[PDB]
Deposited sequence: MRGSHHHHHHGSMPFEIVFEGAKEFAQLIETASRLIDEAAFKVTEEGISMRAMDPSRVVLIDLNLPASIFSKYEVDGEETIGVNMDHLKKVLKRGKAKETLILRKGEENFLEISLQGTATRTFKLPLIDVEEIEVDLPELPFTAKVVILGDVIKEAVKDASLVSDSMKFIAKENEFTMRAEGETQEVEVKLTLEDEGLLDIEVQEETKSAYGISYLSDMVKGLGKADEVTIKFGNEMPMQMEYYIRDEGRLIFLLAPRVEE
């Protein structure tokens, strides 16, 4: 029996369109704290954790706790309909339905059925959103995978194919590395198909945190508004 209102609806569609890109279905836990989504792609190689806390909503009226499951494709398509300055209202009554309304020149409400639900990091790097979006796209031109290498005071992503090779160095001098913290030399490789979905839509002004371990999974983290967060856990190669 909840009523949840988010300003900047196009923004809200974006976050969900990320989460839609790797998983086909998802659970939304609504609670008086906030909204949570936790989920793994079909092949259990990536894990998504979305936390959207009460503060980022203009109205947040939850009564207890329940768990919405939705067709993420049909949700993606409804949420894409929101304009940038329009208001998003999410609503749930007794009936198994999500009411989504967008308000602008006129208010439109869409009803969508509910469906059935269901680390010792060596290196930590902070990096602007553009740098990593660019490296992933650069690397895709030459290979299906990208290596991450962190020595003390210097951070490298590199990929190699048959003929061609790519490498992007950053030291603390480099303009889009905010921070690096590595205990020991750290080297790991990750598939580009997943990285592309993870970093698609990351502005110059977006601080992205990445924690990695020698041949172990990457944790990528960036914030939604101030309070909310998205974390991606990605299993590595070999």
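Missing from the model, relative to the deposited sequence, are the stretches 1-13, 132-139, 260-261.
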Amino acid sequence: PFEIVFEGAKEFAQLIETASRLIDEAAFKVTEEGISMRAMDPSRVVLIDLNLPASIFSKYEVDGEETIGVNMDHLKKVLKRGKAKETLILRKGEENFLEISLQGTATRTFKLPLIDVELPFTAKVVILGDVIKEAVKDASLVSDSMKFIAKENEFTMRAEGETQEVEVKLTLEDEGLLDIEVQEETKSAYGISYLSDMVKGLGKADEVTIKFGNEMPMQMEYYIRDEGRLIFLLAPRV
From here on, numbers count along this sequence of modelled residues.
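When 148-156 is weighed against 73-81, 148-156 comes out higher, by mean CA B-factor as recorded in the entry. Looking at 90-98 and 134-142 together, the entry lists the larger mean B-factor for 90-98, computed on C-alpha atoms.
Sorting the modelled residues of the chain by their CA temperature factor places residue 168 in the middle third. Residue 176 sits in the highest third of its chain by CA B factor, as recorded in the PDB entry.
Among all modelled residues in its chain, residue 120 ranks in the highest third by Cα B-factor. The PDB entry assigns residue 224 a C-alpha temperature factor belonging to the highest third of its chain's modelled residues.
Among the modelled residues of its chain, residue 48 has a C-alpha B-factor that falls in the lowest third, as given in the PDB entry.
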